[PDB]
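Structure data (PDB, C-alpha atoms and all ligand atoms) from data-v7.pdb:
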ATOM      1  CA  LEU A   8      87.607  73.264 103.610
ATOM      2  CA  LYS A   9      84.007  73.036 104.892
ATOM      3  CA  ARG A  10      83.885  76.450 106.587
ATOM      4  CA  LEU A  11      84.832  78.339 103.467
ATOM      5  CA  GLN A  12      82.570  76.158 101.255
ATOM      6  CA  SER A  13      79.686  76.966 103.597
ATOM      7  CA  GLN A  14      79.966  80.780 103.254
ATOM      8  CA  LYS A  15      77.061  82.605 101.622
ATOM      9  CA  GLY A  16      77.501  82.684  97.856
ATOM     10  CA  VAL A  17      80.285  80.098  97.593
ATOM     11  CA  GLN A  18      79.634  77.332  95.094
ATOM     12  CA  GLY A  19      82.918  75.450  95.344
ATOM     13  CA  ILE A  20      86.637  75.333  96.167
ATOM     14  CA  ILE A  21      89.495  73.771  94.172
ATOM     15  CA  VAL A  22      93.181  73.473  95.111
ATOM     16  CA  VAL A  23      95.459  72.927  92.111
ATOM     17  CA  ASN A  24      99.232  72.220  92.237
ATOM     18  CA  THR A  25     101.880  74.131  90.268
ATOM     19  CA  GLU A  26     101.096  72.069  87.138
ATOM     20  CA  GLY A  27      97.334  72.724  87.360
ATOM     21  CA  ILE A  28      96.290  69.297  88.627
ATOM     22  CA  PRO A  29      93.511  69.480  91.220
ATOM     23  CA  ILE A  30      94.796  68.006  94.464
ATOM     24  CA  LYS A  31      91.671  68.844  96.477
ATOM     25  CA  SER A  32      88.136  69.888  95.506
ATOM     26  CA  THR A  33      84.807  70.289  97.274
ATOM     27  CA  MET A  34      83.096  69.938  93.884
ATOM     28  CA  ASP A  35      81.948  67.107  91.605
ATOM     29  CA  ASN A  36      84.542  65.712  89.198
ATOM     30  CA  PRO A  37      83.112  67.162  85.935
ATOM     31  CA  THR A  38      82.875  70.703  87.408
ATOM     32  CA  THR A  39      86.375  70.417  88.924
ATOM     33  CA  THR A  40      87.524  69.527  85.361
ATOM     34  CA  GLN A  41      85.412  72.342  83.810
ATOM     35  CA  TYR A  42      87.565  74.793  85.857
ATOM     36  CA  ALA A  43      91.030  73.421  86.763
ATOM     37  CA  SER A  44      92.848  73.310  83.400
ATOM     38  CA  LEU A  45      91.356  76.564  82.050
ATOM     39  CA  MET A  46      91.943  78.409  85.286
ATOM     40  CA  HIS A  47      95.545  77.137  85.409
ATOM     41  CA  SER A  48      96.682  78.787  82.126
ATOM     42  CA  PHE A  49      94.887  82.031  83.081
ATOM     43  CA  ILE A  50      96.573  82.055  86.555
ATOM     44  CA  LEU A  51     100.027  81.562  84.964
ATOM     45  CA  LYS A  52      99.266  84.548  82.712
ATOM     46  CA  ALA A  53      98.224  86.722  85.703
ATOM     47  CA  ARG A  54     101.417  85.824  87.573
ATOM     48  CA  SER A  55     103.695  86.398  84.526
ATOM     49  CA  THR A  56     101.941  89.695  83.633
ATOM     50  CA  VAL A  57     102.510  91.182  87.111
ATOM     51  CA  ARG A  58     106.226  90.271  86.750
ATOM     52  CA  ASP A  59     106.538  91.629  83.192
ATOM     53  CA  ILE A  60     105.140  94.905  84.435
ATOM     54  CA  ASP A  61     107.433  94.908  87.549
ATOM     55  CA  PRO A  62     110.019  92.123  87.925
ATOM     56  CA  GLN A  63     110.182  92.847  91.678
ATOM     57  CA  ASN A  64     106.392  92.520  92.229
ATOM     58  CA  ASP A  65     104.317  89.333  92.930
ATOM     59  CA  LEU A  66     100.673  88.407  92.326
ATOM     60  CA  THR A  67      98.904  87.775  95.667
ATOM     61  CA  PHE A  68      95.182  87.658  94.758
ATOM     62  CA  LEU A  69      92.871  87.616  91.701
ATOM     63  CA  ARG A  70      89.131  88.241  91.403
ATOM     64  CA  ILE A  71      87.424  87.588  88.033
ATOM     65  CA  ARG A  72      83.842  88.816  88.043
ATOM     66  CA  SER A  73      81.394  87.877  85.271
ATOM     67  CA  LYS A  74      77.648  88.167  84.604
ATOM     68  CA  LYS A  75      76.941  84.712  86.071
ATOM     69  CA  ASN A  76      79.569  84.296  88.768
ATOM     70  CA  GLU A  77      82.857  85.353  90.350
ATOM     71  CA  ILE A  78      86.132  83.472  90.743
ATOM     72  CA  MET A  79      88.826  84.230  93.327
ATOM     73  CA  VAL A  80      92.361  82.865  93.227
ATOM     74  CA  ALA A  81      95.090  83.027  95.896
ATOM     75  CA  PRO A  82      98.676  81.647  95.292
ATOM     76  CA  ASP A  83     100.208  79.701  98.229
ATOM     77  CA  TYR A  86      99.570  75.665  94.754
ATOM     78  CA  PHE A  87      96.607  77.875  93.830
ATOM     79  CA  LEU A  88      93.369  78.105  95.809
ATOM     80  CA  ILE A  89      90.351  78.663  93.523
ATOM     81  CA  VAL A  90      86.962  79.776  94.931
ATOM     82  CA  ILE A  91      83.853  79.889  92.711
ATOM     83  CA  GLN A  92      80.934  81.984  93.951
ATOM     84  CA  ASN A  93      77.799  84.064  93.152
ATOM     85  CA  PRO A  94      78.478  87.653  92.009
ATOM     86  CA  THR A  95      79.103  89.904  95.044
TER      87      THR A  95
ATOM     88  CA  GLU B   5      87.080 114.427  81.037
ATOM     89  CA  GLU B   6      85.694 115.363  84.454
ATOM     90  CA  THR B   7      84.851 111.795  85.638
ATOM     91  CA  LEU B   8      88.461 110.765  84.976
ATOM     92  CA  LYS B   9      89.679 113.547  87.330
ATOM     93  CA  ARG B  10      87.221 112.429  90.036
ATOM     94  CA  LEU B  11      88.292 108.826  89.724
ATOM     95  CA  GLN B  12      92.022 109.729  89.544
ATOM     96  CA  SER B  13      91.626 111.755  92.743
ATOM     97  CA  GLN B  14      90.241 108.876  94.855
ATOM     98  CA  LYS B  15      92.349 107.663  97.785
ATOM     99  CA  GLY B  16      94.890 105.082  96.655
ATOM    100  CA  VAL B  17      94.492 105.612  92.896
ATOM    101  CA  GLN B  18      97.757 106.133  90.997
ATOM    102  CA  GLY B  19      96.439 106.336  87.448
ATOM    103  CA  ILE B  20      93.765 105.490  84.860
ATOM    104  CA  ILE B  21      94.197 104.186  81.286
ATOM    105  CA  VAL B  22      91.564 103.584  78.589
ATOM    106  CA  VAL B  23      92.727 101.162  75.899
ATOM    107  CA  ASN B  24      90.774 100.200  72.742
ATOM    108  CA  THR B  25      90.029  96.682  71.423
ATOM    109  CA  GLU B  26      93.586  96.523  69.997
ATOM    110  CA  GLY B  27      95.093  97.631  73.344
ATOM    111  CA  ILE B  28      96.036 101.080  72.065
ATOM    112  CA  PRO B  29      95.826 103.659  74.865
ATOM    113  CA  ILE B  30      93.283 106.209  73.754
ATOM    114  CA  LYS B  31      93.203 108.067  77.053
ATOM    115  CA  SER B  32      95.470 108.206  80.145
ATOM    116  CA  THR B  33      95.941 110.263  83.294
ATOM    117  CA  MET B  34      99.537 109.008  83.518
ATOM    118  CA  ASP B  35     102.857 109.930  81.952
ATOM    119  CA  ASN B  36     103.616 108.287  78.610
ATOM    120  CA  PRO B  37     106.281 105.756  79.712
ATOM    121  CA  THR B  38     104.106 104.497  82.611
ATOM    122  CA  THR B  39     101.114 104.320  80.264
ATOM    123  CA  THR B  40     103.395 102.209  78.005
ATOM    124  CA  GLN B  41     104.658 100.120  80.955
ATOM    125  CA  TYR B  42     101.019  98.928  81.437
ATOM    126  CA  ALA B  43      98.904  99.197  78.246
ATOM    127  CA  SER B  44     100.537  96.496  76.094
ATOM    128  CA  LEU B  45     101.057  93.915  78.885
ATOM    129  CA  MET B  46      97.636  94.482  80.343
ATOM    130  CA  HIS B  47      95.889  94.099  76.961
ATOM    131  CA  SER B  48      97.220  90.544  76.475
ATOM    132  CA  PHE B  49      96.185  89.571  80.016
ATOM    133  CA  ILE B  50      92.706  91.087  79.559
ATOM    134  CA  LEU B  51      92.079  89.099  76.336
ATOM    135  CA  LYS B  52      93.052  85.969  78.294
ATOM    136  CA  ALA B  53      90.664  86.818  81.163
ATOM    137  CA  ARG B  54      87.844  87.385  78.685
ATOM    138  CA  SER B  55      88.558  84.187  76.652
ATOM    139  CA  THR B  56      88.905  82.064  79.833
ATOM    140  CA  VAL B  57      85.476  83.104  81.148
ATOM    141  CA  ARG B  58      84.009  82.015  77.763
ATOM    142  CA  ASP B  59      85.961  78.728  77.552
ATOM    143  CA  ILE B  60      84.538  77.895  80.962
ATOM    144  CA  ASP B  61      80.957  78.961  80.035
ATOM    145  CA  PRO B  62      80.272  80.038  76.451
ATOM    146  CA  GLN B  63      77.206  81.947  77.661
ATOM    147  CA  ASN B  64      79.040  83.986  80.361
ATOM    148  CA  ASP B  65      80.916  87.348  80.001
ATOM    149  CA  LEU B  66      83.725  88.943  81.964
ATOM    150  CA  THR B  67      82.525  92.133  83.661
ATOM    151  CA  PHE B  68      85.350  93.071  86.081
ATOM    152  CA  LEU B  69      88.874  92.024  87.068
ATOM    153  CA  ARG B  70      90.983  92.867  90.121
ATOM    154  CA  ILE B  71      94.634  91.765  90.209
ATOM    155  CA  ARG B  72      96.204  92.337  93.583
ATOM    156  CA  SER B  73      99.966  92.118  94.149
ATOM    157  CA  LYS B  74     102.488  92.933  96.893
ATOM    158  CA  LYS B  75     103.094  96.441  95.579
ATOM    159  CA  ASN B  76      99.776  97.422  94.055
ATOM    160  CA  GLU B  77      96.373  96.526  92.660
ATOM    161  CA  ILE B  78      94.985  96.750  89.117
ATOM    162  CA  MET B  79      91.269  96.897  88.265
ATOM    163  CA  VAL B  80      89.885  96.378  84.759
ATOM    164  CA  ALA B  81      86.335  96.943  83.467
ATOM    165  CA  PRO B  82      85.197  96.030  79.862
ATOM    166  CA  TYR B  86      87.186  99.772  75.417
ATOM    167  CA  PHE B  87      88.863  98.559  78.594
ATOM    168  CA  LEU B  88      89.207 100.838  81.605
ATOM    169  CA  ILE B  89      92.354 100.163  83.651
ATOM    170  CA  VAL B  90      92.820 101.624  87.157
ATOM    171  CA  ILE B  91      96.165 101.283  88.983
ATOM    172  CA  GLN B  92      96.086 101.753  92.740
ATOM    173  CA  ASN B  93      97.627 101.051  96.174
ATOM    174  CA  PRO B  94      96.773  97.606  97.641
TER     175      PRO B  94
HETATM  176 CS    CS C 101      77.499  77.847 100.349
END
As a first step, turn the structure in this file into structure tokens.
Ligand SMILES: [Cs+]
Amino acid sequence: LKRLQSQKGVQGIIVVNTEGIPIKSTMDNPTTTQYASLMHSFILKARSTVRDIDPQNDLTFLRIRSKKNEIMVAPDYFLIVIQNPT
Amino acid sequence: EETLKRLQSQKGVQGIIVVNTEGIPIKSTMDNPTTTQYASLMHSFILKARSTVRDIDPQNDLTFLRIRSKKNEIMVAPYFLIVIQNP
């Protein structure tokens, strides 16, 4: 989506399916590949960790902040948003 | 520690855990079984967050994590400081 891509700070948006394959991206192919597979295994770990801590709970949102950027993830497929640090 | 009390007392906060590099809880404001519910499972997840940031960009570093769920929210800052709170 254009509106979300256009927000201050946002660098790109990737939608990946349940197997981690990008089904939509606003980014170039190499960068989409830089992120999709690596983010997929990390997202599976976030989801399984929430459930190992409380079987009746569910992951709804993730924010990973680093020195250079920030990544948000929302389950729905997974929506991945890459952006400047907030 | 005084800062732990101040942080524990914030609206929404349920507890605070400090784990070392091996994921051993070295400090906690929570009961022992809850501290154990979280410390081991969180340590594994935190190593994965840190290694993922670096696999994506070898020159980057994880600085903060927020994991939000239906029932609660967990924040982590690199020791690792773990804060469990209401959504
Ligand atoms: Cs933008």
Original post:
For chain B, which residues have at least one atom within 7 Å of chain A, if we go by only C-alpha atoms? Write them as JSON, numbers by chain, please.
Top reply: {"B": [41, 42, 45, 49, 52, 53, 56, 60, 64, 65, 66, 67, 68, 69, 70, 71, 72, 73, 74, 75]}
Let me see if you get this right: every residue at most 10 Å from ligand CS 101 (chain C), counting all atoms listed in the file, written as an mmCIF file with C-alpha atoms, in the coordinates of the input.
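part.cif written:
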data_model
loop_
_atom_site.group_PDB
_atom_site.id
_atom_site.type_symbol
_atom_site.label_atom_id
_atom_site.label_comp_id
_atom_site.auth_asym_id
_atom_site.auth_seq_id
_atom_site.Cartn_x
_atom_site.Cartn_y
_atom_site.Cartn_z
ATOM 1 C CA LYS A 9 84.007 73.036 104.892
ATOM 2 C CA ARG A 10 83.885 76.450 106.587
ATOM 3 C CA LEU A 11 84.832 78.339 103.467
ATOM 4 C CA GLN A 12 82.570 76.158 101.255
ATOM 5 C CA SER A 13 79.686 76.966 103.597
ATOM 6 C CA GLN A 14 79.966 80.780 103.254
ATOM 7 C CA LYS A 15 77.061 82.605 101.622
ATOM 8 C CA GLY A 16 77.501 82.684 97.856
ATOM 9 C CA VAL A 17 80.285 80.098 97.593
ATOM 10 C CA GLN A 18 79.634 77.332 95.094
ATOM 11 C CA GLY A 19 82.918 75.450 95.344
ATOM 12 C CA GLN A 92 80.934 81.984 93.951
ATOM 13 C CA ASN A 93 77.799 84.064 93.152
#
Please write the residues picked by the PyMOL selection byres (((chain B and resi 94) around 6) and not hetatm) on this file as a short mmCIF file (atom, residue, chain, number, x, y, z; two decimals) with C-alpha atoms, in the coordinates of the input.
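And here's out_30.cif as it stands now:
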data_model
loop_
_atom_site.label_atom_id
_atom_site.label_comp_id
_atom_site.auth_asym_id
_atom_site.auth_seq_id
_atom_site.Cartn_x
_atom_site.Cartn_y
_atom_site.Cartn_z
CA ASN B 76 99.78 97.42 94.06
CA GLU B 77 96.37 96.53 92.66
CA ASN B 93 97.63 101.05 96.17
#
Original post:
On this structure, which residues satisfy the PyMOL selection byres (((chain A and resi 26) around 10) and not hetatm), written as a PyMOL selection string?
Top reply: chain A and resi 23-25+27-29+44+47-48+51+86-87
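Distance-wise, CA of residue 92 in chain B and CA of residue 54 in chain B end up 21.7 Å apart.
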Subject >> For residue 88 in chain B, the nearest of the candidates B:21, B:57, B:37, B:29, counting only C-alpha atoms >> reply: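 Among the listed residues, B:21 lies closest to residue 88 in chain B.
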Original post:
Could you pull the residues within 8 Å of residue 21 in chain A, counting all atoms listed in the file, minus those fewer than 5 positions along the same chain, as JSON, numbers by chain?
Top reply: {"A": [29, 30, 31, 32, 33, 34, 39, 43, 88, 89, 90]}
**OP:** Might you spell out which residues the PyMOL selection byres (((chain B and resi 22) around 8) and not hetatm) would select in the displayed file, as a PyMOL selection string?
**Re:** chain B and resi 20-21+23-24+29-32+86-89
**OP:** In Å, rounded to a single decimal, give me how far CA of residue 13 in chain B is from CA of residue 82 in chain B.
**Re:**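 The value is 21.3 Å.
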Six-sided padding of 4 Å per side, axis-aligned box over range 43-47 of chain A, centre and edges in Å, one decimal, as lines of an AutoDock Vina configuration file:
center_x = 93.3
center_y = 75.9
center_z = 84.4
size_x = 12.5
size_y = 13.1
size_z = 12.7
**OP:** Report the distance between CA of residue 48 in chain B and CA of residue 27 in chain B in Å, rounded to one decimal place.
**Re:**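 For CA of residue 48 in chain B relative to CA of residue 27 in chain B, the distance reads 8.0 Å.
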**OP:** Check the smallest atom-to-atom distance from each of B:33, B:39, B:91, B:63 to residue 6 in chain B using only C-alpha atoms, then report the winner.
**Re:** B:33
